[PDB]
Amino acid sequence: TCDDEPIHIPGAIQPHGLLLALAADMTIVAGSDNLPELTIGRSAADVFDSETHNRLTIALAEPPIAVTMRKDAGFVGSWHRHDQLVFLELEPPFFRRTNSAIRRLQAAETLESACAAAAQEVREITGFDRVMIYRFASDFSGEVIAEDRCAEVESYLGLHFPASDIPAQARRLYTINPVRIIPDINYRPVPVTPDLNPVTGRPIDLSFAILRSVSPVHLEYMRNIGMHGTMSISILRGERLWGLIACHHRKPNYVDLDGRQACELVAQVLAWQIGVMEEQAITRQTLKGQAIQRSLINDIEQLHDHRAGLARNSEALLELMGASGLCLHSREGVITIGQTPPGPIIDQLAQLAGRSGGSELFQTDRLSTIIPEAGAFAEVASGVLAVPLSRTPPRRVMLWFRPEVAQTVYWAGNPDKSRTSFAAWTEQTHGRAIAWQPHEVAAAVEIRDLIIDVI
Amino acid sequence: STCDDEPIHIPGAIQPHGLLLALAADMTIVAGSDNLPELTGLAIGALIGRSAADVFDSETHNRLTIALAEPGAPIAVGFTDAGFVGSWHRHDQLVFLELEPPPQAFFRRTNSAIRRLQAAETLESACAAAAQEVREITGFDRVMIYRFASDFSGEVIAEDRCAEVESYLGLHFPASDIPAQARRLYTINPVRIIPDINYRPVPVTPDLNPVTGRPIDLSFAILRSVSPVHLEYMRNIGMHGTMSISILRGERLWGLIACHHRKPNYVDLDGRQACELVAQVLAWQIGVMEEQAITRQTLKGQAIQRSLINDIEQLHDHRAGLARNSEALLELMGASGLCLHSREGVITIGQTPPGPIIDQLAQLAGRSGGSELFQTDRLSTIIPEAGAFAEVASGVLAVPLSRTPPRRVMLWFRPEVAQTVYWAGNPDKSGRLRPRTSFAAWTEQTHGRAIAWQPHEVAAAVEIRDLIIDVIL
Ligand SMILES: */C=C/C1=C(C)C(=O)N/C1=C\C1=NC(=C\c2[nH]c(/C=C3\NC(=O)C(C=C)=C3C)c(C)c2CCC(=O)O)/C(CCC(=O)O)=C1C
Ligand SMILES: */C=C/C1=C(C)C(=O)N/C1=C\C1=NC(=C\c2[nH]c(/C=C3\NC(=O)C(C=C)=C3C)c(C)c2CCC(=O)O)/C(CCC(=O)O)=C1C
């Protein structure tokens, strides 16, 4: 039921800032009940006097911003257009550092040097007590991979977390609204009145609201963890939530707007910088690589036909990919090399192969989670790779697999849930095989590219 | 073409607008700008061997000592208590140090246009945005952006200039105007500013690396003296103040932000600090728009691909099938005609040349450069006798279907277009070497060229084979 809470229409905001919803050919309609007080539906040309309405409205009408109360203070004006009406949020009220951190983020050589640099700067620009960089694995559980922190605050590096610490609907949001901050986690929520879209006749969609009332479930989270000031930035490699810059603080802390814009730009930089390294390991490997591969190709290219060619040098080509066993799978011809799974090799994997192929391949570390009955066969089938020969179908799919490996994984303790406390706790992990990056995959691809020459 | 020979990293001099120091590990300053006599009282032969701190403030002394600790600019050199600007680096094995004379509103202007380049939907909407922003912040009379071609010749593809400033837009430039070595370092030294071009260079004394047997490598120098030829160049062009930024898409010199000014003009560190970022942000978008278009070409190739799947499912000869779909799929990639070359069967669909298509193009095909393709925009160039059929075969694109023997070949043909390109020059008219005196645009109209294939159009053909294969199962 975790992916079921509707967080985007919460009908409230946070007390520190105040916001207004207006009718677009500008008159103002639906009000946040955080701002009527220290300053109901109303006509919009009716804001500070023409200085901050008019010039700021025309810039909003045609194509950030800086903004007369009884109390006479000064606010920050951020906005956006969404579900067809005009939003406007208000919160209370250097350059070298930013560029030099790009300049350092550009020279960083390894994926760790990229992140601990990323982690480094956005702490030095929010002062936050802890700035962790959080990569998602495929199952979208995570691991804090690098970390930069003030002393005396507990350290969470190399630490795995449930996928559940941020649920499914929460994640589209961070895939589309790329940044979020709550300064005090014990803010008493101040409602929006009404929560009626006057336009679409239903609750106030508060999606690109950065003042939005947040989940009490994740409020429960930070009174647990004991950090009362928190912000994050999501990391987007091609519309996919790759990971998160999760910032923390023992005490509440506000980061002002142009101060929060810099934080994000860093993540964007890492979003190529990672993509830089994603691709130069992708060609550092195809080289060594060719030297030995091309050899046992000409040894499989002793093709009067292939099995006497391949399986003669398969005991060599098996050693390439951690091939505990493999299988050839044509609908008619299934050929095993090495250690064999028998019947749901054919139907429960090839149908499993190209369906939701998505034109990309299928690889998995776990099978008892992707096909439940693989649990009995973990000793030879705990993890599986498969490459289509391509149309859906005949879709003749080749596949290599891996046995299970007993690794010990650390956790913010007991992933067994409501949660309570997150001290270090070990789980021995069964039914899991050891992974793949493309010095095996790009080998595997450059296997069947090479094979397909069997014309 | 000695152009590519002149050693430019060791001019033996720096520029007057600042002063430079060369120091070893323990701050024995080795060489110095010959205007340093006017700075501490000592003529240069006396600076030599002296220590750093004495030259300096007690404040500024320590603040460099810490910056050097980390195994990167900018400190301030208030040294005695006026304020200087400290850009440094290690190079050779010694630590260089260059010196320069003396928030928010600057920086809103940055993201306002950082996030502008993020929105840009075309290159030209992006580069009249890059060039626009560079100009808003370095106030240069003219801000051009320069595209490098395959030969390292170039083209002004966008431009922003204040009115009154004569325009070099859409103009081509020879590959000689930036010779080999300049590029070799513009790849690695991404920035250069020369603020006056009739400046009298301040030499460094000595011109010796004490570290090794060399003159002084002024590679990472912002202050290094440039070639006199490139100066006679810009007296000719009529712009007496210039700055360039290198636009690097992944360690290949892609192009250049070349700013110009009628009179001299200076850009402080911050000014061109933000500007190094603009070419950075821009080298990014170029790669996004590049690859975001590979997805919308992969888009419209959908409906008409589905066409020839149903046409090989029905006919099960792909030739019969695809060559029926021929009328459209060779418009998809704007090809004139194509041909399918199986070493056994050559079937020529639409417009195509005869018997030298076979061997003189499939033995030219891929050279067993397995990861490689083949193409041209002129074929009369490479098979000279193809000049005869240059009317139907001027450019070509051609995909293998295997490691040679089997050598299956698909190939797309494009005809000859009379396109008009123009430049300053006289690209043949390019004792010492000497730079051109006139830069008025001459037009040339080109014999035997196809339209430029893009990865845009290439990604099309690329997908075709990768489905023919899918089907053949
Ligand atoms: C299934 C419900 C949840 C469980 C269990 C849980 O632990 N949290 C749950 C719900 C939400 N989390 C929301 C935001 C959020 N969660 C995290 C989790 C982390 N913080 C960290 O510091 C680290 C790792 C170092 C993790 C994994 C983060 C970072 C965020 C974003 C905000 C922040 O910076 O803390 C969330 C959304 C609330 C809302 O937007 O209304 C929910 C519902
Ligand atoms: C055969 C010798 C040379 C001829 C002729 C010539 O024109 N240049 C020759 C050698 C060098 N050129 C150097 C630098 C340089 N050249 C250019 C060329 C252009 N500038 C433009 O604005 C445009 C078009 C709009 C072109 C085609 C540039 C940009 C530069 C760099 C400096 C700048 O921004 O003006 C050069 C290097 C000198 C040095 O810096 O050491 C040499 C040797």
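Out of the residues in region A:75-104 that are over 19 Å from residue A:258 (Cβ atoms) and of a type in the set (D, E, K, R), which is farthest from the other protein chains (Cβ to nearest Cβ)?
Per the stated criteria, the residue is A:83.
Kindly establish whether residue A:145 is part of a loop (DSSP other than H, G, I, E, B) and away from every other protein chain (no Cβ under 14 Å).
Numbers: part of a loop (DSSP other than H, G, I, E, B): no; away from every other protein chain (no Cβ under 14 Å): yes.
Criteria not met by residue A:145.
Having 3 or more residues that are surrounded by 13 or more Cβ atoms within 10 Å (Cβ to Cβ), within 15 Å of ligand 1 (Cβ to nearest atom) and within 13 Å of chain B (Cβ to nearest Cβ) is the bar; report the helices (runs of 4 or more DSSP H) wholly within region A:197-303 that clear it. If you could, list the steps in order and put the result at the bottom.
On the way: elements: A:217-225, A:257-280, A:287-293, A:295-298.
Counting at least 3 such residues, we get A:257-280.
Out of region A:381-399, which residues are among the polar types (S, T, N, Q) and buried (at least 22 other Cβ atoms within 10 Å of the Cβ)? I'd like the intermediate steps shown before the answer.
Taking region A:381-399 and keeping what is among the polar types (S, T, N, Q), we get A:382, A:390, A:392.
Correct list: A:382, A:390.
Out of region A:179-194, which residues are in a loop (DSSP other than H, G, I, E, B), surrounded by fewer than 19 Cβ atoms within 10 Å (Cβ to Cβ) and in contact with a strand residue (DSSP E or B) (Cβ under 8 Å, 6 or more places away or on another chain)?
Passing the criteria: A:184, A:189, A:194.
Given A:366, A:395, A:391, which one is in contact with a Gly (Cβ under 8 Å, 6 or more places away or on another chain) and within 14 Å of another protein chain (Cβ to nearest Cβ)? Quick ask: steps written out before the conclusion?
Values: A:366 fails: within 14 Å of another protein chain (Cβ to nearest Cβ); A:391 fails: in contact with a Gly (Cβ under 8 Å, 6 or more places away or on another chain).
Checking each option against the conditions leaves just A:395.
Do we find a residue being more than 11 Å from ligand 2 (Cβ to nearest atom), touching a strand residue (DSSP E or B) at 6+ places or on another chain (Cβ under 9 Å) and not in a loop (DSSP other than H, G, I, E, B) anywhere in region B:160-170? First the steps, then the outcome.
First, pick out the residues of region B:160-170 that are more than 11 Å from ligand 2 (Cβ to nearest atom): B:160-166, B:170.
Narrowing the set further to residues that are touching a strand residue (DSSP E or B) at 6+ places or on another chain (Cβ under 9 Å) leaves B:160-162, B:165-166, B:170.
Subsequent filtering for residues that are not in a loop (DSSP other than H, G, I, E, B) retains B:160-161.
Yes, the conditions are met somewhere in region B:160-170.
Considering only residues that are outside any loop (DSSP other than H, G, I, E, B) and within 35 Å of the chain's Cα centre (by Cα), which ones fall in region A:24-50?
Taking region A:24-50 as the starting set, the residues that turn out to be outside any loop (DSSP other than H, G, I, E, B) are A:27-32, A:42.
Passing the criteria: A:30, A:31, A:32.
Scanning for something in a loop (DSSP other than H, G, I, E, B) and either within 14 Å of another protein chain (Cβ to nearest Cβ) or in contact with a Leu (Cβ under 6 Å, 6 or more places away or on another chain) (or both), does region A:341-356 turn up at least one residue?
First, the residues of region A:341-356 that are in a loop (DSSP other than H, G, I, E, B): A:341-346, A:355-356.
Subsequent filtering for residues that are either within 14 Å of another protein chain (Cβ to nearest Cβ) or in contact with a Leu (Cβ under 6 Å, 6 or more places away or on another chain) (or both) retains none.
Taking every residue of region A:341-356 in turn, none turns out to be in a loop (DSSP other than H, G, I, E, B) and either within 14 Å of another protein chain (Cβ to nearest Cβ) or in contact with a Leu (Cβ under 6 Å, 6 or more places away or on another chain) (or both).
Of all residues in region B:224-264, count the ones that are of a type in the set (S, T, N, Q) and over 26 Å from residue A:103 (Cα atoms).
Step one: list which residues in region B:224-264 are of a type in the set (S, T, N, Q), which gives B:225, B:227, B:236, B:242, B:244, B:246.
Subsequent filtering for residues that are over 26 Å from residue A:103 (Cα atoms) retains B:227, B:236.
Number satisfying all stated conditions: 2.
Of the conditions (1) out of contact with any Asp or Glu (no Cβ under 8 Å at 6 or more places or on another chain); (2) surrounded by fewer than 17 Cβ atoms within 10 Å (Cβ to Cβ), residue A:312 clears all except one; give me its number.
(1)
Suppose the filter is β-branched (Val, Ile, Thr), within 25 Å of residue A:144 (Cβ to Cβ) and either in contact with a helix residue (DSSP H, G or I) (Cβ under 6 Å, 6 or more places away or on another chain) or in the same structural domain as residue A:114 (by CATH) (or both); does residue A:235 pass it? Outline the logic, then answer.
Working: β-branched (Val, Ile, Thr): yes; within 25 Å of residue A:144 (Cβ to Cβ): yes; either in contact with a helix residue (DSSP H, G or I) (Cβ under 6 Å, 6 or more places away or on another chain) or in the same structural domain as residue A:114 (by CATH) (or both): yes.
So residue A:235 passes the test.
Residues checked against (1) over 30 Å from residue B:84 (Cβ atoms); (2) charged (D, E, K, R); (3) not assigned by CATH to the domain that holds residue B:124:
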residue: B:245; (1), (2), (3): no, no, no
residue: B:257; (1), (2), (3): no, no, no
residue: B:276; (1), (2), (3): no, yes, no
residue: B:279; (1), (2), (3): no, no, no
residue: B:283; (1), (2), (3): yes, no, no
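Kindly check whether there is at least one residue in region B:416-426 that is among the β-branched types (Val, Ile, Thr) and within 14 Å of chain A (Cβ to nearest Cβ). Spell out the reasoning first.
First, the residues of region B:416-426 that are among the β-branched types (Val, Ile, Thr): B:417, B:420-421.
Still in the list and also within 14 Å of chain A (Cβ to nearest Cβ): none.
The answer is no; no qualifying residue exists.
Are any residues in region A:143-159 under 14 Å from residue A:425 (Cα atoms) and surrounded by 17 or more Cβ atoms within 10 Å (Cβ to Cβ), and if so, which ones?
Residues satisfying the conditions are A:156, A:159.
Restricting to region B:105-131, count the residues that are more than 14 Å from chain A (Cβ to nearest Cβ), within 15 Å of residue B:277 (Cβ to Cβ) and polar (S, T, N, Q).
So the count comes out to 0.
When you go through A:412, A:378, A:374, A:433 one by one, which is the residue that is buried (at least 16 other Cβ atoms within 10 Å of the Cβ), in contact with a helix residue (DSSP H, G or I) (Cβ under 7 Å, 6 or more places away or on another chain) and away from chain B (no Cβ under 14 Å)? So that I can check it myself, show each step before the final result.
Numbers: A:412 fails: in contact with a helix residue (DSSP H, G or I) (Cβ under 7 Å, 6 or more places away or on another chain); A:378 fails: in contact with a helix residue (DSSP H, G or I) (Cβ under 7 Å, 6 or more places away or on another chain); A:433 fails: in contact with a helix residue (DSSP H, G or I) (Cβ under 7 Å, 6 or more places away or on another chain).
Checking each option against the conditions leaves just A:374.
Numbers and lists here come from the model and the stated rules, or from a named source; nothing here is a laboratory result. Note that each Cβ is placed from the backbone with ideal geometry, even for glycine, and that neighbours are counted across all protein chains shown.
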